[PDB]
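*Asks:* Return a 3D structure for these sequence lines:
(3 chains)
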Amino acid sequence: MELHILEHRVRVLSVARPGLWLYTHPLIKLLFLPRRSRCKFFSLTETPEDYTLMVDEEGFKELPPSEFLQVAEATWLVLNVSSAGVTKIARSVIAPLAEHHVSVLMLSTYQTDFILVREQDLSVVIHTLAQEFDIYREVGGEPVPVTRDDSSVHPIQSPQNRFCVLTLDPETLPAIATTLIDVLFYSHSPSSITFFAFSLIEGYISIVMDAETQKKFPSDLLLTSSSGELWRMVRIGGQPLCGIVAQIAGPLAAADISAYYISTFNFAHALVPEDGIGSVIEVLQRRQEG
Amino acid sequence: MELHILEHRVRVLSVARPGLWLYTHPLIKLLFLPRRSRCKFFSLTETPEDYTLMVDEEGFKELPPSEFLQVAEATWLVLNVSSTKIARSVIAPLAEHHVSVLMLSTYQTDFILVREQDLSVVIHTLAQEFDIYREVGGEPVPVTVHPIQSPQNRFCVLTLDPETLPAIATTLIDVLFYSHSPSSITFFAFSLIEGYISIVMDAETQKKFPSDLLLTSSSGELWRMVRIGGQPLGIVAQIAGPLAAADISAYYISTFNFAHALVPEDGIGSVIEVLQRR
Amino acid sequence: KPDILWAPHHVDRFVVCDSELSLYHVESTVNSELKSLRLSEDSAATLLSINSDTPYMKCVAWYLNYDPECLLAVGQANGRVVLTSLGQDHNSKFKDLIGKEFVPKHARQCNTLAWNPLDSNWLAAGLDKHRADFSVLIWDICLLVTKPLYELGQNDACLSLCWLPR
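*Replies:* Numbers count the residues shown, from 1 in each chain, chains lettered A, B, ... in the order given. Please see the structure below:
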C-alpha cells in the first residue's frame, strides 16, 4: 500500500525505420556491454510505424543527433508500487490521475510494472495519491518519507498472432547475442503485426516476441511459464506525444483481467491471455458505441 | 609445379579511425552472418594509420561512400600456388620487371594479389617455371629505402571452427568496435576466405578468450614483427628479397601504406641483422 | 562457486559440487601406501561415486532422514528442484523418490534450499522475483508435482532460508 518514486530520469525517443543503421552502434553497446555505460534504465519497443527507446540521461548522451531522431520535451519520472494485481493498480492509479487531466505512460515487465509521469506535474501526483499510498522518495538508496505537505474515440484493431513473454539469465546473453541481432537489425530490411519488446531495468531482462520468432532460439535457455500459455494483442492508435492508456485501462477496470500495458510514441497496447479474448472484444466494442 | 588464377575480383579499401562507427553494420553483416551476404573473400587489418579492407565485388555494394573512405582505382585478382620458395619463385622475378604485388598470408595458404591490367606481364614471365591454370565455373582449365622498425610486442597465429563463432562474437565485437577509445603497436588480423578463419593477435588480448577453443600450435611458439614504411596507394620486395637469401620462414601481411613480416621468436636476432647488412 | 557438504550421519563421507557431483570417503591411512588425494599428512580420500547428469546447478541440501541415506536435493537454474540419489544400495524401503521434478508455475532462478529438523518431509525453496508469483514455497516429498503446501511471499525475492529449531 506504498508508493515509491525512483531516481531514474528518462528520455523518450522515436527513431525512423530506415535510419536504424545510423544508431546501431550505441544500441548494441547498451544492449550487450553494460560495463561500457552508466545506463540503468533501458527499454526498446519495435512497431511498424517507428521505433521507441526509453533511456536515462547517461545513455542519452551517447546518441548522435540527426533528423531521423525525434526527442520529446519532457523529463519523465518513475513510480513503483509495493505491498495488488493489474486490475488493482490500474483502478487505484490510472483513473484518478486521468480525472485531473494529466498524461501517464505505462511500461510493464515480467517482474514488475512501471509508471511514467511528467516532471512538472509531480505536485498533482502527491496531492491525489496521498489518501491511499504512503509516498516515499528514494534519495541515495534510502526511502525518505514524504510528509503530506499542506499544498492547497479511436478505432480498435486486433492482430491475429500469438505472443510469448519470457525472461533470460543475464549470464547467458553472450550465447544468444548473434541470434538476437538478426531479429533486431537484419530481418526488417493487415491481419498481422510485427511486434518486439526488449527492456533492461536494474539488472533484469524482459522480452516480448511472437511465437513465430520463438522457434529460432534454443528452448532450454528461455524461461517462460511451464504450461505454455500464449497471449493476444489489442491496440488503439492516435496522435504522437489526456493520454491514451486511459481509454483502454478504464473500460478494462470494470472487470478483473491481467493486462500488460505497453505505451509507444503513437500506439497504446495491451495483452490478454488467449482464453479471455471474446470478452475484451465485448467490453471494448460495446464501450465504443456509447 | 602449377600456378592457379582464381575467380575472385577484389577491391582494397582503407577507412579512417574516427569514422569507423558508420561502417559497423556492413562489417558485422559480412563478418558474422554467412547466410545473409553472398561473399567469399573477406579480410580486415587494424593499424594505427587506418583499417585495411579487401573484399570482393558482391560485398562492395554494401559499403556506402562517405568522407572517411578511400578506394583504389584498380581491380586486383588472386593467384595461388599449389603443387622460402615462394619469395625466390614468384616475387623476385615479378619485382625484376616492375610489377606491383600485394601479399596476404593465411594459416592455411598464401595469396598473391597482382593487378588486372597486368595479366600478360604477370604471366609471360612466370610461365617458364610454372604450369598455368585458370579456374572457370569451379573447374581448372589449361591455358628509397625506409628504415626498419622492430616493435616489442608479441603475436600468435590462430584458427577456429565456424560452428563456434557466436560463442565468441561478443568478445570480437568488443575488441574491434569498443576497446579502442616507440613500441606497443596495435595489430589485429582477421580473414575469411573460402570458409576459413585466420586470426593474428597479440598475447595480451589472447588471455580474454577461453584458451581451449582457439586452435594454434601445440608448443606455445609466438612470432615477432618487422615493419617498413611507404607512401604509395613495390614495397614488399624490399623485405622478401633481402630475406629470402638467408632462407628464413616468413609470414607477410600487406596493408594500404605499410608492409609487414612475421618471423619466429627464436631467431628474431638474425632478421634484424640481415637488413642491417644492407 | 563450488561448495562442500558433510554427510549428516556418516563420519567418513562428503561431496564436492563444482560442475558435477562426486562422493568421497575419508580413508584414514598414514602408516600405509597411498594408493586417492592428499588431504593431510595422515588421511586420504577416495572417489566412491560420481554423477554429471545436470547442467547449471545452483544449490544442494543433504537429506536428514536415515533409510535412503544419499538423497540430494539439487536446485537447478530454471526453477525446478530434482531429488538425486548417489548411492548403490538399490531397493530400499523408499524406491519411489529417486528422482522427482518440483516445478513452480513460472520459471525463475533458484537461490536457496532448506530442510526441517523436526519433520524431514518438508523442503523450503526460495526463488527470484515475479509479478504474479509466490517466492517462498514449502513442498511435501510424499512435471510430476505442481501443488506445494504453504505458499508465502507474493511479489518479492528471497535470498536465504533458515528453519528455526524451536
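
*Asks:* And the residue of chain C closest to chain A?
*Replies:* residue C:107 (4.3 Å; CB to the nearest CB). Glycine gets a C-beta too; all of them are placed from N, C-alpha and C.

*Asks:* Show me where the stretch 151-290 of chain A has its helices.
*Replies:* Remark: helices assigned in the stretch 151-290 of chain A by DSSP state H, counting those that start in this stretch are A:177-181, A:211-214, A:246-252, A:283-287.

*Asks:* tell me what the last one is packed against?
*Replies:* What it means is helix A:283-287. For helix A:283-287, the elements it packs on are helix A:246-252, judged by 3 or more CB pairs under 8 Å, 6 or more residues apart in numbering or on different chains; DSSP states H and E.

*Asks:* Name the residues that touch the strand or helix carrying residue A:123?
*Replies:* Element membership of residue A:123, judged by DSSP states H and E, is helix A:122-128. With contacts defined as CB atoms under 8 Å, 6 or more residues apart in numbering or on different chains, helix A:122-128 is touched by A:77, A:79, A:96, A:97, A:100, A:102, A:117, A:135, A:146, A:148, A:149, A:151.

*Asks:* Would you tell me what the next helix or strand after it is?
*Replies:* Next element after helix A:122-128 (DSSP H and E): strand A:134-138.

*Asks:* Which residues does stretch A:73-80 contact?
*Replies:* With CB under 8 Å, 6+ apart, stretch A:73-80 has contacts from A:3-6, A:8-12, A:41, A:105, A:112-119, A:122, A:125.

*Asks:* same thing but at 6 Å, please
*Replies:* A:4, A:5, A:6, A:8, A:9, A:10, A:114, A:115, A:116, A:117, A:118, A:119 (CB atoms under 6 Å, 6 or more residues apart in numbering or on different chains).

*Asks:* Run a quick neighbour tally on the last one.
*Replies:* A count of neighbours around residue A:119, defined by other CB atoms under 10 Å in any protein chain shown, yields 10.

*Asks:* Would you quantify the distance from it to chain B?
*Replies:* 32 Å (CB to the nearest CB, to the nearest Å).

*Asks:* which one is that residue nearest to, not counting chain neighbours?
*Replies:* Of all residues not flanking residue A:119 in the chain, residue A:75 sits nearest, at 4.7 Å (CB to CB, 6 or more residues apart in numbering or on different chains).

*Asks:* The residue of chain C closest to chain A: how many residues sit nearby?
*Replies:* Neighbours of residue C:107 using other CB under 10 Å come to 22.

*Asks:* can I assume it is in contact with residue C:76?
*Replies:* No: contact criterion CB atoms under 6 Å: residue C:107 and residue C:76 do not qualify, at 9.8 Å.

*Asks:* who touches stretch A:42-55?
*Replies:* So stretch A:42-55 is contacted by A:10-15, A:30, A:196-200, A:264-266 (CB under 6 Å, 6+ apart).

*Asks:* Going by proximity to chain B, name the top residue of chain A.
*Replies:* For chain A, CB to the nearest CB, closest residue to chain B: residue A:178, 3.7 Å.

*Asks:* contacting residues around that residue?
*Replies:* B:166, B:169.

*Asks:* who does the spatially most central residue of chain A bridge with?
*Replies:* With distances taken as CA atoms, centre = their mean, residue A:107 lies nearest the centre of chain A, 2.3 Å away. Taking DSSP bridges as the rule, residue A:107 bridges to residue A:114, residue A:262.
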